[PDB]
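S.K.: pasting the structure only:
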Ligand SMILES: Nc1ncnc2c1ncn2[C@@H]1O[C@H](COP(=O)(O)OP(=O)(O)OP(=O)(O)O)[C@@H](O)[C@H]1O
Ligand SMILES: Nc1ncnc2c1ncn2[C@@H]1O[C@H](COP(=O)(O)OP(=O)(O)OP(=O)(O)O)[C@@H](O)[C@H]1O
Ligand SMILES: [Ca+2]
Ligand SMILES: [Ca+2]
């Protein structure tokens, strides 16, 4: 509401209300869940990117200072003199280069350190380009699998157990639609709610012998009246049906 | 009796063993307040948690109870090593141990402080400047209008090396006296119960098993182990089969005939009269610790910092060893190192196969030569190989984006085929494996936590019976694994036997005490739970 209020202070502030599609759309919010499922372990990864290039700056600040002379012609950049510029040259240009840092510096054809600089660059392309940005691209692929198997657990367990007595469906199905009739007539997750609406909306002097026993345990918050182990079929399976 | 049976619960231990009747029995005892208080501590709460990961994941089943009792003994020594450090001629020796106990008491504090100062020095070092003129070039430190910025560097440098040196002495008196006990105990078992140096011999490998040959004859072999009478026990076991005079010589034990008189007959001055063999043995054990070396190497760099340079920019890497979760991401990439080095090695062999081709057919193309004169980076074969590698794999669009145009009639088709394969093979394929060996590591390291989680919540971990049998009773598996078998009473029992009197054992405490001496683990339930036993008779 505040942004829609500052809109009367006519500006480009209504261009921030589009982000409600994240909170609005049903499925679009689910994709945003995966990326936000590993935020704690993804900030600490990009933080590992501002520490490796710092380790690669103090090296090129002492040996390769005569190379970063982005200086065009005339006069004479030298983006390496302070240490608050090469660090801002290996970061604004380094990780954004895509082909390592060796694609923005002088040619190593010179005899001095012709080998010490290639080793310095190739490692910079394998470590902080391939490896250290495949983790960021990899922490998302893992999130989808981490968020897809969750739906299977909340699906493969609702269709196997009674959710109230815990007995697996493999015992009920000794009768046609055994687990089908049990979890829809005996235990139903809706009758157990329609019962609480029944006690509270009744008269206290009208409870029966069983409606009052469960009413007392509900006051003391003792939950020892749910079946939790038996189903009245496992109880009388020996005597009769 | 409700007030009693309530005030005494955090002390009424329960264990469940079998033996001497071929049936499951039950035992009761007193845990005590002092032992109980030492069990819920962050230094111990984590050791148990990481231990279970080392059993249900990479451990066996027949040897599980063996390596469980061993850990249950490493903890007793740790509870003892910690319950003691808590709060000119002889007047100095009293303040030393009173100070070392303060050093090791708060060790993770010093270990964290050196991480803080490493961020201060590296914050300052972000100002240095180069100049070929005094304010052969000089490294003039630049300042933003503040003069005291450099004099603070001299202060924080020597301060950092201090705490980086006290962490060694703290580690030396706190976590070393346990890397020794783990090895002493391991050696006293391969002699008393095996013939590692009597019957058989080390297999000419595993120098760890060979370096211990020089500690047998030392005067004080079991310095930290409990049983200091291991020598007199090995003798009475192999003294007849092997040469009694020979065995009683390998273990030192001079005057074997006169080693009965000890039982028959009842300060900076001569400190130079101490053993040197055992001390060398202990030295060789500490120096091969992966944690002591990194902790020592971290001190050398902080020492060369006085040789003022950019060496404190290497202490930041302790965030790998410092942070809790950051070290876990580094585990995945290091989980496939053996099969990832051999993959990048496959990259230095394919481009070599692509060099000998362009060295015989496409030599007239690599003429990086600009204008004038006439590069020719292809003449030797120690340059095109260094042109297809420094530029080839780093190009991103194959090698065809740095060479002449194939518009010429000669080999207009033989070169495109040469390049397109170079873009599909050593760019897409051979660098999707490197990017793919990491994605697999996360899934390979995530399901591991599920196995150590879906098995702790399904089985008793002691009798192995699944929870599906216990849950025929409300909270069946919930009460069983918290009262009958508890993984803490079975430890609180060993503290109870060792800290008791031998003439006080009951009928059951003594039977389990004898099997513990012979290292026979046939008293754990392992199959029954006293409920499966009496389910027919009564409840
Ligand atoms: N009391 C219950 N005990 C065990 N399972 C239940 C119970 N009530 C519902 N279920 C589970 O839910 C499934 C059927 O209902 P479901 O949760 O699919 O919602 P629904 O009744 O189909 O209606 P909707 O899908 O519109 O929510 C069954 O597989 C069943 O296992
Ligand atoms: N003796 C035991 N036998 C089988 N399982 C056990 C035993 N002791 C603990 N557990 C397992 O551990 C779980 C509960 O303890 P857990 O390992 O989570 O540690 P905790 O007691 O919760 O304390 P913390 O989590 O602080 O270590 C239970 O699911 C149980 O299966
Ligand atoms: Ca009534
Ligand atoms: Ca007695």
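M.R.: Thanks, I have it. Numbering: from 1, shown residues only, chains lettered A, B, ... in the order given. Ligands and ions are numbered 1, 2, ... in the order given.

S.K.: Could you say which helix or strand holds residue A:139?
M.R.: Following DSSP states H and E, one finds residue A:139 within helix A:132-156.

S.K.: now what about the helix or strand following that helix, what contacts it?
M.R.: Where DSSP H and E defines the elements, the next helix or strand beyond helix A:132-156 is helix A:169-172. With contact meaning Cβ atoms under 8 Å, 6 or more residues apart in numbering or on different chains, helix A:169-172 is reached by A:159-162, A:178-179, A:182, A:231, A:233-234. (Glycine included, C-beta is placed from N, CA and C.)

S.K.: Buried members of those residues into PyMOL, please.
M.R.: Command for PyMOL, covering only those of the contacts of helix A:169-172 found buried under the criterion 16 or more other Cβ atoms under 10 Å in any protein chain shown:
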select buried, chain A and resi 161+162+179+182+231+233
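
S.K.: Need the contacts of helix A:169-172 in CSV (columns: distance to residue A:92).
M.R.: Shown next, in CSV, are the contacts of helix A:169-172 (distance: Cβ to Cβ, whole Å):
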residue, distance to residue A:92
A:159, 54
A:160, 55
A:161, 56
A:162, 61
A:178, 67
A:179, 63
A:182, 66
A:231, 67
A:233, 71
A:234, 70
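
S.K.: just the contacts of helix A:169-172 now: which is nearest chain B?
M.R.: Nearest to chain B out of the contacts of helix A:169-172 is residue A:234 (Cβ to the nearest Cβ; 9.1 Å).

S.K.: And the contacts of helix A:169-172, which two are furthest apart?
M.R.: Spatial extent of the contacts of helix A:169-172 (Cβ to Cβ) is set by the pair A:159 and A:234 at 19.9 Å.

S.K.: any idea where the helices of chain A begin and end?
M.R.: Residue ranges of the helices in chain A, as given by DSSP state H, are A:2-6, A:20-24, A:28-35, A:40-46, A:49-60, A:89, A:95-97, A:116-125, A:132-156, A:169-172, A:178-181, A:191-200, A:209-219, A:233-236.

S.K.: Residue A:230 versus residue A:184, what's the distance?
M.R.: According to Cβ to Cβ, to the nearest Å, residue A:184 and residue A:230 sit 18 Å apart.

S.K.: that older thread, return only those of the contacts of helix A:169-172 found close to chain B.
M.R.: When Cβ under 8 Å from any Cβ of the partner chain is taken as the criterion, no member of the contacts of helix A:169-172 contacts chain B.

S.K.: Output the helices of chain A as JSON lines; include the columns distance to ligand 1.
M.R.: Below are these laid out as JSON lines (distance: least, Cβ to the nearest ligand atom, whole Å):
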{"stretch": "helix A:2-6", "distance to ligand 1": "36"}
{"stretch": "helix A:20-24", "distance to ligand 1": "23"}
{"stretch": "helix A:28-35", "distance to ligand 1": "18"}
{"stretch": "helix A:40-46", "distance to ligand 1": "32"}
{"stretch": "helix A:49-60", "distance to ligand 1": "45"}
{"stretch": "helix A:89", "distance to ligand 1": "58"}
{"stretch": "helix A:95-97", "distance to ligand 1": "48"}
{"stretch": "helix A:116-125", "distance to ligand 1": "52"}
{"stretch": "helix A:132-156", "distance to ligand 1": "9"}
{"stretch": "helix A:169-172", "distance to ligand 1": "8"}
{"stretch": "helix A:178-181", "distance to ligand 1": "8"}
{"stretch": "helix A:191-200", "distance to ligand 1": "7"}
{"stretch": "helix A:209-219", "distance to ligand 1": "17"}
{"stretch": "helix A:233-236", "distance to ligand 1": "14"}
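
S.K.: for the helix holding residue A:139, packing partners?
M.R.: The contact analysis (3 or more Cβ pairs under 8 Å, 6 or more residues apart in numbering or on different chains; DSSP states H and E) places helix A:132-156 against helix A:28-35, helix A:40-46, helix B:430-454.

S.K.: Distance to residue A:70 added to those, as a markdown table?
M.R.: Listed next are those as a markdown table, based on distance: least, Cβ to Cβ, whole Å:
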| stretch | distance to residue A:70 |
| --- | --- |
| helix A:28-35 | 36 |
| helix A:40-46 | 26 |
| helix B:430-454 | 29 |
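
S.K.: Of all those helices, which one is nearest ligand 2?
M.R.: helix B:430-454 (8.9 Å; Cβ to the nearest ligand atom).

S.K.: The closest one to helix A:132-156, inter-axis angle?
M.R.: Taking axes from the mean of the first three to the mean of the last three Cα atoms, to 10 degrees, one finds helix B:430-454 and helix A:132-156 inclined to each other by 40 degrees.

S.K.: What about residue A:236, how many residues nearby?
M.R.: 10 (other Cβ atoms under 10 Å in any protein chain shown).

S.K.: With residue A:24 instead?
M.R.: Residue A:24 has 10 neighbouring residues, counting by other Cβ under 10 Å.

S.K.: For it, list the residues it contacts.
M.R.: If a contact means Cβ under 8 Å, 6+ apart, then residue A:24 has no contacts.

S.K.: And for residue A:167?
M.R.: A:161, A:229, A:231, A:234.

S.K.: a markdown table for these, including distance to residue A:204?
M.R.: Putting the contacts of residue A:167 into a markdown table (distance: Cβ to Cβ, whole Å) gives the following:
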| residue | distance to residue A:204 |
| --- | --- |
| A:161 | 36 |
| A:229 | 31 |
| A:231 | 31 |
| A:234 | 34 |
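
S.K.: which of those residues lies closest to residue A:1?
M.R.: Closest approach between the contacts of residue A:167 and residue A:1, by Cβ to Cβ: residue A:161, at 46.1 Å.

S.K.: In contact with the most centrally placed residue in chain A, which residues?
M.R.: The centre of chain A sits closest to residue A:37, judged by Cα atoms, centre = their mean, with a distance of 1.3 Å. Residues in contact with residue A:37 (Cβ under 8 Å, 6+ apart) are A:143, A:146-147.
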